[PDB]
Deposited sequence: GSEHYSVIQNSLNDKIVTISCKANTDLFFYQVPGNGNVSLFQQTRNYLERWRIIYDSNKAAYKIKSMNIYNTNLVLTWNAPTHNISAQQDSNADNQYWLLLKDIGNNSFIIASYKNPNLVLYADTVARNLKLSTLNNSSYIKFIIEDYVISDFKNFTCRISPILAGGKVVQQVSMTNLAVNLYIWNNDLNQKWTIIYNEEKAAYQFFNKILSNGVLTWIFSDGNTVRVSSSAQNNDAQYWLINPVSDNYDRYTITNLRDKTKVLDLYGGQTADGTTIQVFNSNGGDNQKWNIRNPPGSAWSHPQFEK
């Protein structure tokens, strides 16, 4: 869990996520944003056997979840490695969720005050309000997400199935049509994703490996790893790697941005034409 970037959401309301409020040190419980305001790096300390929870805020990069003793308020404060900035991550095996207990006083644990939309420090109990879902942020963002996929080279255009009956995949200006939207679904067993085109019921983005680099939408088929993909952030831009051959990534032909440009797979080569934005419509 060390060094992992996660989202943290509430068992009591799974639509509410820990959110670092811009402009101040506040932490709120907020709807899912799929951005850095709801991402936290888990940092393990060997001496304490406890963790810091550090905001991925790009403007102030060293804020950590902090109990503002002697109050019961929780905010994001500059990291000084203080005891009130360390937490025990206790996984309830009977609920598959976490209790997050203060290292400074482990009798007190995070409590989701869903009415106040913030966190307080509390005693333990059997309520869902002290239980949290900690998930890798890419899985959190993309495990069940209807999206548009755009090349970083042309933000106003999208990867699309050509039409309901033409299963080729190309680039075209965004028009909010069904064939231009995809539902990403994470498969836990395979630890990979499928992209279901919204104009079909069972059509997924597929590498047609029998035809070179071709990508088409095809019916989801039991045993075809070419229909699964890995989504990796670029060291919110992503490469999209095929599971059948992880040297092959989704590729905008020649970095061309004209309407009709081919979407395919290609050898991974670090080009801007292999980097993608994945966004809400």
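Asks: Please list, in sequence order, every stretch of the deposited sequence that lacks C-alpha coordinates.
Replies: Those parts of the chain that were deposited but carry no coordinates are 1-11, 247-249, 296-307.
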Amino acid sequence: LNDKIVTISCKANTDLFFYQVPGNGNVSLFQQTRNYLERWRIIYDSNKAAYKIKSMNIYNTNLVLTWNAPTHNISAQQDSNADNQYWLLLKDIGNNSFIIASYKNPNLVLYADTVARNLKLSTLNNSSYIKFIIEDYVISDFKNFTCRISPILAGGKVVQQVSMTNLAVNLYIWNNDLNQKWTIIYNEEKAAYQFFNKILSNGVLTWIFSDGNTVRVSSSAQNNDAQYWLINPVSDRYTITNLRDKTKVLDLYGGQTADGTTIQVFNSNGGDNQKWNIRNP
From here on, numbers count along this sequence of modelled residues.
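Asks: Quick one: say whether 64-72 or 212-220 has the higher mean Cα B-factor in the deposited entry.
Replies: Going by the record's values, the stretch with the higher mean is 64-72.
Asks: Look up the CA B-factors in the entry and say which stretch, 97-105 or 182-190, has the higher mean.
Replies: The recorded data point to 182-190.
Asks: Tell me which of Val115, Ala168, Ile149, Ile199 tops the list for C-alpha B factor in the record.
Replies: Out of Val115, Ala168, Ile149, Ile199, the record gives the largest C-alpha B-factor to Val115.
Asks: Quiz for you: based on the deposited Cα B-factor, which of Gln85, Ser128, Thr206, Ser163 is highest?
Replies: Of the candidates given, the C-alpha B-factor peaks at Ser128.
Asks: Divide the modelled residues of the chain into thirds by Cα B-factor and specify which third, lowest, middle or highest, holds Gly271.
Replies: Middle third, going by the recorded CA B-factors of the chain.
Asks: Classify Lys120 as lowest, middle or highest third according to the C-alpha B-factor given in the PDB entry, relative to its own chain.
Replies: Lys120: CA B-factor falls in the middle third of its chain.
Asks: Could you say whether, by C-alpha temperature factor, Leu1 belongs to the lowest, middle or highest third of its chain?
Replies: It belongs to the highest third of the chain when residues are ordered by C-alpha B-factor.
Asks: Grab the CA temperature factor for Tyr44 from the record and place it in the lowest, middle or highest third of its chain.
Replies: Its C-alpha B-factor belongs to the highest third of this chain's values.
Asks: Test of reading the entry: by CA B factor among the chain's modelled residues, which third contains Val234?
Replies: According to the entry, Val234 has a C-alpha B-factor in the chain's highest third.
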